[PDB]
Number of protein chains: 4
Amino acid sequence: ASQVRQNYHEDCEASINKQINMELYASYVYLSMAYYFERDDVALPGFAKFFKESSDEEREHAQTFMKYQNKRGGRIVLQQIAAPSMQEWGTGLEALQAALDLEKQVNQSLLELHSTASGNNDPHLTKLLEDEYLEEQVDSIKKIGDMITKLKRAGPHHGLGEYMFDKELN
Amino acid sequence: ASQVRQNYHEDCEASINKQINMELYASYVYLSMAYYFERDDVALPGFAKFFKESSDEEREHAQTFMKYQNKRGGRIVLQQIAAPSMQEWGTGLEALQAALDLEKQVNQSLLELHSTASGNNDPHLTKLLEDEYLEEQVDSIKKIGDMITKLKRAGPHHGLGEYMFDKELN
Amino acid sequence: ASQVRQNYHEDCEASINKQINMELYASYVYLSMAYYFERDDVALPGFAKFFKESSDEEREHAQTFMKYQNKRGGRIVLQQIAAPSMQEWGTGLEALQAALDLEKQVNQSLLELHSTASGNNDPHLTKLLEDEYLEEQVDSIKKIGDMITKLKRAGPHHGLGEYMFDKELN
Amino acid sequence: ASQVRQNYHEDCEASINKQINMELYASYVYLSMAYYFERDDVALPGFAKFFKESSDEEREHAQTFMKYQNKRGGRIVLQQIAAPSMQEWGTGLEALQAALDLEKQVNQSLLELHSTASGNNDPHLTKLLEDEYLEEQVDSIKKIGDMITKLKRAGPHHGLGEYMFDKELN
Ligand SMILES: [Fe+3]
Ligand SMILES: [Fe+3]
Ligand SMILES: [Fe+3]
Ligand SMILES: [Fe+3]
């Protein structure tokens with residue numbers, strides 16, 4: 001095994017590799033949304049900037065797991081990054097609802113990884129998940145929930161409320 | 001012929017004079033729109049500013065073509081500048097739709113000039129068109145398309161949406 | 001079609017989408033290399049930094065193609081990003097040789113795109129390829145070729161020469 | 001008991017005292033290494049500086065545990081600090097291999113402390129271990145592992161490679 005490996009279970013190593021792929025997939029989804037909202041027949045630049053930033057954040061989360069794998073003496077295994085199943089994202093609200101679902105999907109998998117780390121008595125990994133992932137994930141979910149509520153107030157259908165809400169994201 | 005002339009076809013010289021007139025005409029159209037939107041019974045200061053700037057840009061494009069004609073040793077021939085097609089431009093959306101049509105008419109004419117320069121093996125002129133005209137033309141068309149989409153979302157009829165959209169242009 | 005689409009052939013639209021996928025794949029390959037060179041049993045921080053930067057460059061090339069598709073009125077269709085061919089890249093020289101072959105594969109694909117654009121008389125797209133892709137591609141291939149020659153001089157096998165060469169990349 | 005003591009198990013108090021002694025011992029080992037590498041017949045100033053800093057870090061880790069014992073209402077009991085196992089540490093690689101083994105011994109002891117704290121439901125102490133000890137310990141082990149790999153590449157025997165590697169630590 002690696003000269004550095006200590007108290008690092010194979011199940012945690014394997015789960016971290018799966019989580020890297022999920023972070024990269026979420027990155028890919030947000031990239032798709034970011035460019036969709038720059039279509040000339042969509043033209044929502046506030047939503048575009050919001051999802052560009054979200055895509056960068058997910059990519060950095062993925063890289064932090066890659067750095068972590070190396071720190072612990074595990075071996076990174078990268079797999080194909082699936083395209084989003086559905087790339088016509090609809091209105092701003094429909095994309096925000098899709099982002100909320102994805103954030104909770106990622107959160108569920110991070111909590112499952114935490115429960116693998118806990119069961120294997122790996123406090124270095126539970127600390128990583130708590131400090132570097134679970135905190136930002138709860139904040140991200142609350143932010144998107146807020147946004148969905150504000151947009152439902154402004155008016156979620158194609159119309160003036162959506163035009164106005166988009167400006168607050170710029 | 002001019003002491004500087006080299007590889008400059010008379011068809012390209014003639015087409016440059018045509019484009020100078022077209023740019024000056026587009027300048028004139030946007031000037032008409034600019035002051036239409038400063039009428040007391042129209043009063044759309046963002047649209048007025050957008051079209052004032054558009055009118056200056058077209059004028060500078062025409063002067064760059066005049067400078068180019070002299071650079072290559074062609075002879076500038078100025079013609080009458082036609083009156084704008086309209087004296088009243090309608091709503092903001094109707095003016096943007098006329099501007100989109102006009103921008104696409106100019107683009108077609110520039111692409112036709114590129115074809116003439118290419119058929120006459122004039123790479124100095126194809127470089128001029130690609131770098132100084134065709135690039136800005138696609139960006140301008142994309143911007144106006146975005147604007148039309150944004151205005152249709154806010155509410156394209158005379159109303160609060162048009163009043164609010166106008167502020168983003170100011 | 002899009003309100004902005006003009007002189008944009010369906011074959012160039014489709015080839016742009018393929019190239020977006022290829023640029024994202026190359027980004028993924030360099031990301032794999034970057035973190036491989038941070039393994040505790042590899043520990044080549046100069047190579048790691050070099051491929052991290054290359055990975056960012058390829059992602060930005062992909063995003064520029066996505067912006068371009070929207071500028072022309074095309075539709076971005078994202079496809080799955082294949083996993084890198086290798087998880088272990090070998091010596092520094094072997095990774096550089098793999099990078100050179102990939103850079104030449106991408107360059108061949110860009111040149112085929114240019115030929116498609118030229119045959120369809122699309123000078124806006126030929127200008128894009130020449131200015132934003134083909135120029136950097138030749139410079140990248142020349143830089144990697146230089147690096148391979150330098151590393152062959154320093155000593156390309158695992159040893160003091162590779163250790164010293166790695167420092168010039170840091 | 002102390003007026004401040006709350007949820008502080010006698011077994012964790014005793015284990016803190018043992019760990020203070022272990023951190024002081026590791027500080028002593030690195031101090032021995034530091035001045036060994038300043039012998040006129042060794043003369044490795046980069047290795048000397050590296051272990052001087054490691055010796056200071058371990059003393060600060062011990063002092064933080066002493067502060068902690070007082071914070072919780074425990075009683076510091078200091079024990080004799082054993083002399084280092086070796087007075088002569090050999091080559092740079094041999095000292096690094098001894099440092100890696102010591103870092104992993106300390107890490108194992110910290111993980112056992114964490115398990116004691118967890119079994120006694122002491123989250124203030126598990127947080128201390130995770131944030132102030134286990135994180136730096138993994139980073140130190142990864143850094144030393146990197147150094148061993150780099151030195152094996154440069155050439156770990158007495159020779160030009162060791163001379164060059166020593167410079168990267170200075
Ligand atoms: Fe994430
Ligand atoms: Fe113009
Ligand atoms: Fe590229
Ligand atoms: Fe310590």
# chains A, B, ... in the order shown; residues from 1 in each chain; ligands from 1
call {"tool": "residues_around", "arguments": {"residues": "segment 60-62 of chain D", "least_positions_apart": "3", "cutoff": "7 Å", "atoms": "only C-alpha atoms", "output": "list in words"}}
result
residues 20, 23, 24, 56, 57, 65 and 66 of chain D
call {"tool": "interface_residues", "arguments": {"of": "chain D", "to": "chain A", "cutoff": "9 Å", "atoms": "only C-alpha atoms", "output": "PyMOL selection string"}}
result
chain D and resi 100+104+107-108+111+114-115+126-127+130-131+134-135+138-139+141-145
call {"tool": "atom_distance", "arguments": {"atom1": "atom CA of residue 82 of chain C", "atom2": "atom CA of residue 42 of chain C"}}
result
24.7 Å
call {"tool": "residues_around", "arguments": {"residues": "residue 27 of chain A", "least_positions_apart": "6", "cutoff": "6 Å", "atoms": "only C-alpha atoms", "output": "ChimeraX atom specification"}}
result
/A:55,58-59
call {"tool": "residues_around", "arguments": {"residues": "residue 150 of chain D", "least_positions_apart": "4", "cutoff": "9 Å", "atoms": "only C-alpha atoms", "output": "VMD selection string"}}
result
(chain C and resid 41 to 44 163) or (chain D and resid 145 to 146 154 to 156 165)
call {"tool": "residues_around", "arguments": {"residues": "residue 48 of chain D", "least_positions_apart": "4", "cutoff": "7 Å", "atoms": "only C-alpha atoms", "output": "ChimeraX atom specification"}}
result
/D:34-35,37-38,44,52
call {"tool": "decode", "arguments": {"residues": "segment 58-93 of chain D", "atoms": "N, CA and C atoms", "output": "PDB file, in the first residue's frame"}}
result
ATOM      1  N   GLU D  58       6.306  20.251  17.015  1.00  0.00           N
ATOM      2  CA  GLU D  58       5.937  19.241  18.006  1.00  0.00           C
ATOM      3  C   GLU D  58       5.901  19.822  19.417  1.00  0.00           C
ATOM      4  N   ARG D  59       6.804  20.748  19.729  1.00  0.00           N
ATOM      5  CA  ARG D  59       6.736  21.399  21.033  1.00  0.00           C
ATOM      6  C   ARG D  59       5.466  22.230  21.160  1.00  0.00           C
ATOM      7  N   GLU D  60       5.063  22.908  20.090  1.00  0.00           N
ATOM      8  CA  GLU D  60       3.828  23.677  20.165  1.00  0.00           C
ATOM      9  C   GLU D  60       2.615  22.772  20.278  1.00  0.00           C
ATOM     10  N   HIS D  61       2.653  21.602  19.640  1.00  0.00           N
ATOM     11  CA  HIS D  61       1.571  20.642  19.811  1.00  0.00           C
ATOM     12  C   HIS D  61       1.468  20.187  21.255  1.00  0.00           C
ATOM     13  N   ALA D  62       2.611  19.955  21.898  1.00  0.00           N
ATOM     14  CA  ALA D  62       2.613  19.581  23.306  1.00  0.00           C
ATOM     15  C   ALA D  62       2.036  20.692  24.183  1.00  0.00           C
ATOM     16  N   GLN D  63       2.428  21.942  23.929  1.00  0.00           N
ATOM     17  CA  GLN D  63       1.920  23.058  24.720  1.00  0.00           C
ATOM     18  C   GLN D  63       0.428  23.245  24.534  1.00  0.00           C
ATOM     19  N   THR D  64      -0.066  23.035  23.320  1.00  0.00           N
ATOM     20  CA  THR D  64      -1.502  23.124  23.107  1.00  0.00           C
ATOM     21  C   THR D  64      -2.248  22.058  23.909  1.00  0.00           C
ATOM     22  N   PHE D  65      -1.666  20.862  24.044  1.00  0.00           N
ATOM     23  CA  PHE D  65      -2.283  19.833  24.878  1.00  0.00           C
ATOM     24  C   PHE D  65      -2.222  20.212  26.348  1.00  0.00           C
ATOM     25  N   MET D  66      -1.152  20.888  26.761  1.00  0.00           N
ATOM     26  CA  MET D  66      -1.067  21.347  28.140  1.00  0.00           C
ATOM     27  C   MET D  66      -2.128  22.402  28.419  1.00  0.00           C
ATOM     28  N   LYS D  67      -2.225  23.426  27.553  1.00  0.00           N
ATOM     29  CA  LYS D  67      -3.331  24.383  27.657  1.00  0.00           C
ATOM     30  C   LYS D  67      -4.660  23.676  27.725  1.00  0.00           C
ATOM     31  N   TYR D  68      -4.864  22.645  26.893  1.00  0.00           N
ATOM     32  CA  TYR D  68      -6.158  21.963  26.841  1.00  0.00           C
ATOM     33  C   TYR D  68      -6.491  21.285  28.168  1.00  0.00           C
ATOM     34  N   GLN D  69      -5.519  20.564  28.728  1.00  0.00           N
ATOM     35  CA  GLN D  69      -5.696  19.910  30.019  1.00  0.00           C
ATOM     36  C   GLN D  69      -6.195  20.902  31.067  1.00  0.00           C
ATOM     37  N   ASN D  70      -5.568  22.084  31.127  1.00  0.00           N
ATOM     38  CA  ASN D  70      -5.998  23.122  32.062  1.00  0.00           C
ATOM     39  C   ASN D  70      -7.384  23.657  31.714  1.00  0.00           C
ATOM     40  N   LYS D  71      -7.689  23.789  30.434  1.00  0.00           N
ATOM     41  CA  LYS D  71      -9.022  24.293  30.030  1.00  0.00           C
ATOM     42  C   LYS D  71     -10.106  23.355  30.564  1.00  0.00           C
ATOM     43  N   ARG D  72      -9.871  22.062  30.508  1.00  0.00           N
ATOM     44  CA  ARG D  72     -10.895  21.114  30.897  1.00  0.00           C
ATOM     45  C   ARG D  72     -10.907  20.843  32.390  1.00  0.00           C
ATOM     46  N   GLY D  73      -9.957  21.386  33.133  1.00  0.00           N
ATOM     47  CA  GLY D  73      -9.881  21.111  34.545  1.00  0.00           C
ATOM     48  C   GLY D  73      -9.061  19.897  34.896  1.00  0.00           C
ATOM     49  N   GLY D  74      -8.338  19.329  33.945  1.00  0.00           N
ATOM     50  CA  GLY D  74      -7.422  18.255  34.262  1.00  0.00           C
ATOM     51  C   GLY D  74      -6.130  18.748  34.887  1.00  0.00           C
ATOM     52  N   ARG D  75      -5.308  17.791  35.316  1.00  0.00           N
ATOM     53  CA  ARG D  75      -4.036  18.090  35.951  1.00  0.00           C
ATOM     54  C   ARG D  75      -2.897  17.596  35.069  1.00  0.00           C
ATOM     55  N   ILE D  76      -2.042  18.519  34.641  1.00  0.00           N
ATOM     56  CA  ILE D  76      -0.863  18.151  33.875  1.00  0.00           C
ATOM     57  C   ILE D  76       0.097  17.406  34.781  1.00  0.00           C
ATOM     58  N   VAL D  77       0.530  16.236  34.344  1.00  0.00           N
ATOM     59  CA  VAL D  77       1.591  15.513  35.017  1.00  0.00           C
ATOM     60  C   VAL D  77       2.655  15.269  33.966  1.00  0.00           C
ATOM     61  N   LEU D  78       3.794  15.921  34.107  1.00  0.00           N
ATOM     62  CA  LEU D  78       4.848  15.767  33.116  1.00  0.00           C
ATOM     63  C   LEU D  78       5.709  14.568  33.477  1.00  0.00           C
ATOM     64  N   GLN D  79       6.148  13.850  32.451  1.00  0.00           N
ATOM     65  CA  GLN D  79       7.006  12.704  32.657  1.00  0.00           C
ATOM     66  C   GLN D  79       8.330  12.944  31.952  1.00  0.00           C
ATOM     67  N   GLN D  80       9.309  12.132  32.328  1.00  0.00           N
ATOM     68  CA  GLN D  80      10.622  12.218  31.722  1.00  0.00           C
ATOM     69  C   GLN D  80      10.502  12.061  30.216  1.00  0.00           C
ATOM     70  N   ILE D  81      11.305  12.823  29.490  1.00  0.00           N
ATOM     71  CA  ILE D  81      11.353  12.748  28.040  1.00  0.00           C
ATOM     72  C   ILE D  81      12.509  11.834  27.677  1.00  0.00           C
ATOM     73  N   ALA D  82      12.197  10.699  27.062  1.00  0.00           N
ATOM     74  CA  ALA D  82      13.230   9.738  26.705  1.00  0.00           C
ATOM     75  C   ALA D  82      14.224  10.361  25.734  1.00  0.00           C
ATOM     76  N   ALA D  83      15.483   9.944  25.838  1.00  0.00           N
ATOM     77  CA  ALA D  83      16.458  10.330  24.832  1.00  0.00           C
ATOM     78  C   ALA D  83      16.076   9.711  23.486  1.00  0.00           C
ATOM     79  N   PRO D  84      16.364  10.391  22.376  1.00  0.00           N
ATOM     80  CA  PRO D  84      16.097   9.807  21.058  1.00  0.00           C
ATOM     81  C   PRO D  84      16.760   8.445  20.902  1.00  0.00           C
ATOM     82  N   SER D  85      16.114   7.590  20.105  1.00  0.00           N
ATOM     83  CA  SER D  85      16.620   6.237  19.877  1.00  0.00           C
ATOM     84  C   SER D  85      18.027   6.238  19.291  1.00  0.00           C
ATOM     85  N   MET D  86      18.346   7.238  18.474  1.00  0.00           N
ATOM     86  CA  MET D  86      19.572   7.306  17.698  1.00  0.00           C
ATOM     87  C   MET D  86      20.251   8.639  17.945  1.00  0.00           C
ATOM     88  N   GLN D  87      21.573   8.616  17.947  1.00  0.00           N
ATOM     89  CA  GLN D  87      22.285   9.877  17.910  1.00  0.00           C
ATOM     90  C   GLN D  87      22.773  10.213  16.502  1.00  0.00           C
ATOM     91  N   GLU D  88      22.887   9.213  15.624  1.00  0.00           N
ATOM     92  CA  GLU D  88      23.326   9.363  14.239  1.00  0.00           C
ATOM     93  C   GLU D  88      22.235   8.869  13.309  1.00  0.00           C
ATOM     94  N   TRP D  89      21.736   9.739  12.449  1.00  0.00           N
ATOM     95  CA  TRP D  89      20.539   9.413  11.691  1.00  0.00           C
ATOM     96  C   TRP D  89      20.816   8.916  10.280  1.00  0.00           C
ATOM     97  N   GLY D  90      22.076   8.870   9.854  1.00  0.00           N
ATOM     98  CA  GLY D  90      22.409   8.279   8.572  1.00  0.00           C
ATOM     99  C   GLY D  90      22.272   9.241   7.414  1.00  0.00           C
ATOM    100  N   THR D  91      21.784   8.757   6.272  1.00  0.00           N
ATOM    101  CA  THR D  91      21.576   9.636   5.134  1.00  0.00           C
ATOM    102  C   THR D  91      20.303  10.462   5.316  1.00  0.00           C
ATOM    103  N   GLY D  92      20.126  11.441   4.430  1.00  0.00           N
ATOM    104  CA  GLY D  92      18.893  12.205   4.438  1.00  0.00           C
ATOM    105  C   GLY D  92      17.669  11.325   4.289  1.00  0.00           C
ATOM    106  N   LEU D  93      17.734  10.341   3.390  1.00  0.00           N
ATOM    107  CA  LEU D  93      16.596   9.452   3.203  1.00  0.00           C
ATOM    108  C   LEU D  93      16.319   8.653   4.467  1.00  0.00           C
TER     109      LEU D  93
END
